[PDB]
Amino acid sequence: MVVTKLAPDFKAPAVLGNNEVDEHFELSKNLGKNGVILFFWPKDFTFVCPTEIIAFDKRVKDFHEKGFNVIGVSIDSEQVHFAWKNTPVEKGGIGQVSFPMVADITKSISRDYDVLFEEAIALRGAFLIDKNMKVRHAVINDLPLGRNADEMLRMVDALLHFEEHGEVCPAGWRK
């Protein structure tokens, strides 16, 4: 089980948004004011679509506004990460995205979150981690439809509302 427990930390090398590589990127030292969204994806230079990487790069700003950071990780090295970032989008590239990409080269991180599939690559999953390094929400999927990048943003709202004016519902539930 992952949800409710401490989000497993990691110190791996990651390619920042500005493309300069951080050798010892640490999950916990890179949280938003309200936490972060850690997400995985099978592999770089995929043949299908970066559905995941795409959706998320498009919300990075919406998330910042909500106090959350976006951190994506893949079992690919940081070199190949960088490469994908610099490969022209039409040429299959990913384009210079705005979030850190972590290199889980030894597949340890994926294992820790239990998304490591058949000892090779990470599933398409995302985790809502709060300011206390606790995983509150988690959605993992095994299909191309990278909906969770969006969905997560929707949960981040539901969470900040509920966190505020608490939870309300069917006016006739208790009277």
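One rule holds for the numbers: they count along the sequence shown, beginning at 1.
Looking at 116-124 and 141-149 together, the entry lists the larger mean B-factor for 141-149, computed on C-alpha atoms. For the pair 49-57 and 34-42, the record assigns the higher mean C-alpha temperature factor to 49-57. When all modelled residues of the chain are sorted by CA temperature factor, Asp104 is found within the lowest third.
Among all modelled residues in this chain, the alpha-carbon of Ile94 has a temperature factor (C-alpha) in the middle third. In this PDB entry, the Cα temperature factor of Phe25 sits in the middle third of its chain's modelled residues. Sorting the modelled residues of the chain by their CA temperature factor places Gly17 in the middle third.
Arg111: CA B factor lies in the lowest third for its chain, per the PDB record.
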